[PDB]
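Colleague: Just dropping this structure here.
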Amino acid sequence: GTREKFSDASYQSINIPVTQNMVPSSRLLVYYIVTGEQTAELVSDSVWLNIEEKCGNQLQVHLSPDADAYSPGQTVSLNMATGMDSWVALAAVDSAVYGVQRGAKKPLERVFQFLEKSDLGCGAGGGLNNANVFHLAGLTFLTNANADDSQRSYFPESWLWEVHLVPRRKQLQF
Amino acid sequence: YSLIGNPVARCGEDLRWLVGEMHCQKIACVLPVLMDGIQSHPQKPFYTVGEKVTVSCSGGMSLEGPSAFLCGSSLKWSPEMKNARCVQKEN
Amino acid sequence: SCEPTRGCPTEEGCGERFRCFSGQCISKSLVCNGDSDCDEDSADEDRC
Amino acid sequence: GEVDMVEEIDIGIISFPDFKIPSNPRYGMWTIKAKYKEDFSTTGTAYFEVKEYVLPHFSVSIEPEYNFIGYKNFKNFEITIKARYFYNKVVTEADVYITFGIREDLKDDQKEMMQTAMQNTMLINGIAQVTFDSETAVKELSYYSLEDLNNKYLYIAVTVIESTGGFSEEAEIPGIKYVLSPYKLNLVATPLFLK
Amino acid sequence: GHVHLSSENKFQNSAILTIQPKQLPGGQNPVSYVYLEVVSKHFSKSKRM
């Protein structure tokens, strides 16, 4: 980003558009350079960015028959709805397979929390002089002013182990 | 289609592009081995992704191994059994 | 009058060095040593 | 402490052949690692346990009123034991047997225990709750009655049997230790800096 | 990579860079992390990362 500074007020509000690539987490740093009489010195700052968890493809699964209970052996249809073309991986896991297992949490249960590990820096943000705060934010700067120091049936489980191509609206029968 | 190769091509000092062993292969199924003793169902010339085929032999005998075959991504069946065996006899 | 063709040389990198009023960048260990540390001026002085 | 290795060229979803369990399995927590094996990093790790899931009759959830027993819960600690079927319906009626115990650590699985109860309660509408005082347990079976002397986990076993039909399901809690020091504090999403 | 600076871009630009398997096969360590250089008319500096 880039903005201009005017004498209208002491504090200016910047507008930042959010994108689909910033759902898990993000960071922003604001630094401005000044011209000194002998040497220059720039000041920066950063604060964590928290966001919600919304899928870009927007994949939702729903059965065509709408009922609270289904009869055994009833032919059912499953309809996939996506925003763009995507590959699906269906898995029908029984709810009774979850033994004690110290709780038996879930198969994955975590897609963005494990994706957050891509962040190089740690902490929320802010810190000491530009070098330390940029190292804490996960960056390394190159400027003339300052440097950065590195410091059989029925029925066994599970079933429905298939991979199908899914257009904007795809439906299968089983 | 699926990508198999480097696939990166590099510009050299001799104004030429260095390209590795890369090819553009598919991610539709074809007709099976088509043994005279076996019968395919359904009998179609081309197969789409996501469909299954029920192969069996004549009466009085039953196919050995998996009875149903599924069309994979492309040119891919889970078992192929090219002229291996359909059935000797199931007593 | 002349037509500048080549770019002007930028200032030298003052990496991890306390800058003085002139620009003589020395090690940070000399800060607050109670002597002519920068040897040029006592501008910074590290509030010693 | 490796069993089999298999590589497959990749759609985006890598399909692998169905693995087969050897004739002499080793029960426990297995390990699954995946690598690209050419040039890469960030090996992924997956876990799966080999056990007997032959027939689970009904899930037994143990939700105590409080996480860990404190000073106020020493004289009276009430715990809720609820058993529900897997098809989202609660259990109508079932006999619930409660078993208490004291364990020194989570690694030790066998420890002495009362020997006092053996409490028999009836499950009503899929929910049951019983009051258990720690003073009687710590005075009878623990051989010393004081909350500062015992700093170790508390193991509770629950055996739920149906009165209308022959069935049995068991549940357990890892442990609840009596600690004089209160719970610990930490900072999250809070920059330790000043403006 | 090459960038272009003008009054429209206000003298800032960003170019994507890739690290492909060009490293020396084998060796005591395959890291050889990086040496980053900037070719400009007024300034020139290098740093490892």
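The numbering of chain C matches Swiss-Prot: 72-119, in order.
Structure method, as recorded: electron microscopy, 5.6 Å.
Even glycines carry a Cβ here, placed using N, Cα and C.
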Colleague: From the candidates C:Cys73, C:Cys96, C:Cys103, select the one that Swiss-Prot records as forming a disulfide bond with C:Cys85.
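Modeller: Within the candidate set C:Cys73, C:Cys96, C:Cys103, Swiss-Prot assigns the bond with C:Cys85 to C:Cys96.
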Colleague: Looking only at C:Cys103, C:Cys109, which is named in Swiss-Prot as the disulfide mate of C:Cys119?
Modeller: C:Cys103
Colleague: Which one, C:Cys73, C:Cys109, is listed by Swiss-Prot as the other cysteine in the disulfide with C:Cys91?
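Modeller: In Swiss-Prot, C:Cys91 forms its disulfide bond with C:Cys109.
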Colleague: I need the CA-to-CA distance for C:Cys96 (disulfide bond) versus C:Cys119 (disulfide bond), whole Å please.
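Modeller: Cα-Cα, rounded: 18 Å.
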Colleague: Based on Cβ atoms within 10 Å, give me the single least packed residue among the disulfide-bonded residues C:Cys85, C:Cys91, C:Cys103.
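Modeller: Fewest other Cβ atoms within 10 Å, among the disulfide-bonded residues C:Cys85, C:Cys91, C:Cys103, is found for C:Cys103.
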Colleague: Let me know the DSSP-derived helix, strand or coil state of C:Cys109 (disulfide bond), please.
Modeller: coil
Colleague: Among all protein chains shown, how many Cβ atoms are found within 10 Å of the Cβ of C:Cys119 (disulfide bond), not counting that one?
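Modeller: Other Cβ atoms found within 10 Å: 11.
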Colleague: Out of C:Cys91, C:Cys103, C:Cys109, C:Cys119, which of these disulfide-bonded residues is nearest C:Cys85 (disulfide bond) by C-alpha distance?
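Modeller: Of the disulfide-bonded residues C:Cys91, C:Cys103, C:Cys109, C:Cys119, C:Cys91 has its Cα closest to that of C:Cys85 (disulfide bond).
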Colleague: Taking the Cβ of C:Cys96 (disulfide bond) as centre, how many other Cβ atoms lie within 10 Å?
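Modeller: C:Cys96 (disulfide bond): 17 neighbouring Cβ atoms within 10 Å.
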Colleague: Let me know how many other Cβ atoms fall within 10 Å of the Cβ of C:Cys109 (disulfide bond).
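Modeller: Other Cβ atoms found within 10 Å: 19.
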Colleague: To the nearest whole angstrom, state the Cα distance for the pair C:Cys91 (disulfide bond) and C:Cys119 (disulfide bond).
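Modeller: With distance taken Cα to Cα, C:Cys119 (disulfide bond) is 15 Å from C:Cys91 (disulfide bond).
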